[PDB]
file my_file15.tsv (TSV, C-alpha atoms)
chain	number	residue	atom	x	y	z
A	1	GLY	CA	69.78	106.61	97.59
A	2	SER	CA	73.29	105.96	98.95
A	3	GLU	CA	75.65	104.60	96.31
A	4	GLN	CA	79.24	103.63	95.51
A	5	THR	CA	81.95	106.04	96.64
A	6	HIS	CA	85.20	104.17	95.98
A	7	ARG	CA	86.86	101.24	94.22
A	8	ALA	CA	89.48	98.83	95.58
A	9	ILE	CA	92.70	98.75	93.54
A	10	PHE	CA	94.84	96.26	95.51
A	11	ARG	CA	94.19	92.81	96.97
A	12	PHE	CA	93.68	93.04	100.74
A	13	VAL	CA	93.50	89.84	102.80
A	14	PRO	CA	92.52	90.60	106.42
A	15	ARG	CA	94.73	89.60	109.33
A	16	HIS	CA	92.38	91.24	111.81
A	17	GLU	CA	88.74	90.68	112.75
A	18	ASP	CA	87.63	94.27	112.02
A	19	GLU	CA	89.10	94.40	108.51
A	20	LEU	CA	87.28	94.28	105.18
A	21	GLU	CA	88.57	91.81	102.60
A	22	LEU	CA	89.18	93.35	99.20
A	23	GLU	CA	89.57	91.94	95.71
A	24	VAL	CA	90.84	94.17	92.91
A	25	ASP	CA	88.15	96.45	91.45
A	26	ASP	CA	85.60	95.74	94.20
A	27	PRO	CA	82.88	98.43	94.38
A	28	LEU	CA	82.94	100.17	97.77
A	29	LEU	CA	80.69	102.42	99.84
A	30	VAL	CA	82.94	104.25	102.29
A	31	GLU	CA	81.21	105.45	105.45
A	32	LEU	CA	84.22	107.11	107.03
A	33	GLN	CA	87.71	108.26	106.10
A	34	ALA	CA	89.22	107.94	109.58
A	35	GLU	CA	91.97	110.27	110.78
A	36	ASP	CA	94.45	107.40	111.05
A	37	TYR	CA	94.19	106.82	107.30
A	38	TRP	CA	91.91	103.79	107.47
A	39	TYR	CA	88.60	103.58	105.63
A	40	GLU	CA	85.45	102.09	107.16
A	41	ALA	CA	83.12	100.75	104.49
A	42	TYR	CA	80.85	98.18	102.90
A	43	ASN	CA	82.17	95.94	100.14
A	44	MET	CA	79.27	96.12	97.67
A	45	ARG	CA	80.25	92.86	95.97
A	46	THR	CA	80.52	90.67	99.06
A	47	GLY	CA	78.17	92.73	101.21
A	48	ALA	CA	80.69	92.63	104.07
A	49	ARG	CA	81.58	95.62	106.24
A	50	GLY	CA	84.92	96.47	107.82
A	51	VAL	CA	88.05	98.63	107.67
A	52	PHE	CA	91.03	98.76	105.31
A	53	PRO	CA	94.13	100.89	104.48
A	54	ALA	CA	93.08	104.10	102.74
A	55	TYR	CA	95.46	103.79	99.79
A	56	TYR	CA	93.88	100.49	98.75
A	57	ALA	CA	90.99	102.38	97.17
A	58	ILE	CA	90.42	105.27	94.78
A	59	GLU	CA	87.51	107.71	94.54
A	60	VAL	CA	84.68	107.13	92.08
A	61	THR	CA	83.11	110.14	90.35
A	62	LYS	CA	79.51	110.69	91.49
B	1	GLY	CA	122.97	91.40	106.04
B	2	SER	CA	120.73	94.12	107.45
B	3	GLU	CA	120.66	96.17	104.24
B	4	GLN	CA	117.56	98.07	103.09
B	5	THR	CA	115.14	96.05	100.96
B	6	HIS	CA	112.14	98.38	100.53
B	7	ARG	CA	110.82	101.89	101.05
B	8	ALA	CA	107.42	102.99	102.30
B	9	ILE	CA	105.46	105.10	99.82
B	10	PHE	CA	102.24	105.71	101.78
B	11	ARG	CA	101.53	106.87	105.33
B	12	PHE	CA	100.47	103.97	107.57
B	13	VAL	CA	99.13	104.54	111.08
B	14	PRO	CA	98.65	101.25	112.99
B	15	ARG	CA	95.21	100.28	114.25
B	16	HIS	CA	96.49	96.92	115.45
B	17	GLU	CA	99.33	96.22	117.88
B	18	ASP	CA	101.25	93.95	115.50
B	19	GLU	CA	101.53	96.62	112.81
B	20	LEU	CA	104.54	98.74	111.92
B	21	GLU	CA	103.98	102.48	111.62
B	22	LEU	CA	105.17	103.99	108.36
B	23	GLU	CA	105.99	107.48	107.13
B	24	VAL	CA	106.40	108.23	103.43
B	25	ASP	CA	109.99	107.45	102.36
B	26	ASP	CA	110.87	105.28	105.39
B	27	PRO	CA	113.67	102.82	104.46
B	28	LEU	CA	112.66	99.25	105.28
B	29	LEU	CA	114.12	95.79	105.73
B	30	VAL	CA	111.38	93.30	104.88
B	31	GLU	CA	112.01	89.99	106.59
B	32	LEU	CA	108.92	88.26	105.24
B	33	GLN	CA	106.60	88.78	102.28
B	34	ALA	CA	103.66	86.69	103.54
B	35	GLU	CA	101.17	84.91	101.29
B	36	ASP	CA	98.30	87.02	102.62
B	37	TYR	CA	99.91	90.13	101.12
B	38	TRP	CA	101.27	91.52	104.40
B	39	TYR	CA	104.96	92.30	104.91
B	40	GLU	CA	106.79	91.63	108.17
B	41	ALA	CA	109.57	94.16	108.51
B	42	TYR	CA	111.92	96.42	110.41
B	43	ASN	CA	111.64	100.21	110.02
B	44	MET	CA	115.24	101.41	109.71
B	45	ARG	CA	114.32	104.96	110.71
B	46	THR	CA	112.48	104.15	113.94
B	47	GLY	CA	114.00	100.76	114.69
B	48	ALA	CA	110.51	99.34	115.23
B	49	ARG	CA	109.28	95.98	113.93
B	50	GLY	CA	105.84	94.88	112.77
B	51	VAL	CA	103.60	94.07	109.81
B	52	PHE	CA	102.00	96.28	107.15
B	53	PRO	CA	99.99	95.95	103.88
B	54	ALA	CA	102.31	94.92	101.04
B	55	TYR	CA	101.32	97.67	98.61
B	56	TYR	CA	102.54	100.37	101.01
B	57	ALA	CA	106.15	99.86	99.94
B	58	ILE	CA	108.26	99.41	96.84
B	59	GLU	CA	111.28	97.13	96.44
B	60	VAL	CA	114.66	98.84	96.07
B	61	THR	CA	116.73	97.57	93.15
B	62	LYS	CA	120.01	98.98	94.50
call {"tool": "encode", "arguments": {"input": "my_file15.tsv", "output": "structure tokens"}}
result
Amino acid sequence: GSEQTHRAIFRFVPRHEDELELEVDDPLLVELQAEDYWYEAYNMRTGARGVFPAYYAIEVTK
Amino acid sequence: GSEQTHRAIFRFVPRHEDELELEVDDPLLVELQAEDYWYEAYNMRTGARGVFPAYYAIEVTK
């Protein structure tokens, strides 16, 4: 119950405290697709939670 | 030497004060391509300066 929703496609190294670090192909569970084009999610590989630029991830087919 | 170096390909709405807002197709002059995958640049359309995620722009070969 509650599974992967997206996948990171680009390396994202945070510059800000609220951001989620991403490594290519990281499995993601996106909680919100904010209006300002930022995604709020959990990185299923690292377990960390944070935000990142929307275009850094693609949708995974349920 | 203030010629265009890149062009934004994705919409980027800042969440942090040091970021540079981007609209698809904005011509950019990237001053620094930082090691943490963030670009420091000048938006030639708005005249604003700031940083943004590297993968949000492509390099012009003109």
call {"tool": "atom_distance", "arguments": {"input": "my_file15.tsv", "atom1": "atom CA of residue A:4", "atom2": "atom CA of residue A:37"}}
result
19.3 Å
call {"tool": "closest_residue", "arguments": {"input": "my_file15.tsv", "among": "A:31, A:26, A:17, A:3", "to": "chain B", "atoms": "all atoms listed in the file"}}
result
A:17
call {"tool": "interface_residues", "arguments": {"input": "my_file15.tsv", "of": "chain B", "to": "chain A", "cutoff": "7 Å", "atoms": "only C-alpha atoms", "output": "PyMOL selection string"}}
result
chain B and resi 12-13+36-37
call {"tool": "atom_distance", "arguments": {"input": "my_file15.tsv", "atom1": "atom CA of residue A:33", "atom2": "atom CA of residue B:7"}}
result
24.5 Å
call {"tool": "residues_around", "arguments": {"input": "my_file15.tsv", "residues": "stretch 43-48 of chain B", "least_positions_apart": "3", "cutoff": "9 Å", "atoms": "only C-alpha atoms", "output": "list in words"}}
result
residues 4, 20, 21, 22, 26, 27, 28, 29 and 30 of chain B
call {"tool": "atom_distance", "arguments": {"input": "my_file15.tsv", "atom1": "atom CA of residue A:61", "atom2": "atom CA of residue A:40"}}
result
18.8 Å
call {"tool": "residues_around", "arguments": {"input": "my_file15.tsv", "residues": "residue B:6", "least_positions_apart": "6", "cutoff": "6 Å", "atoms": "all atoms listed in the file", "output": "JSON, numbers by chain"}}
result
{"B": [28, 58, 59, 60]}
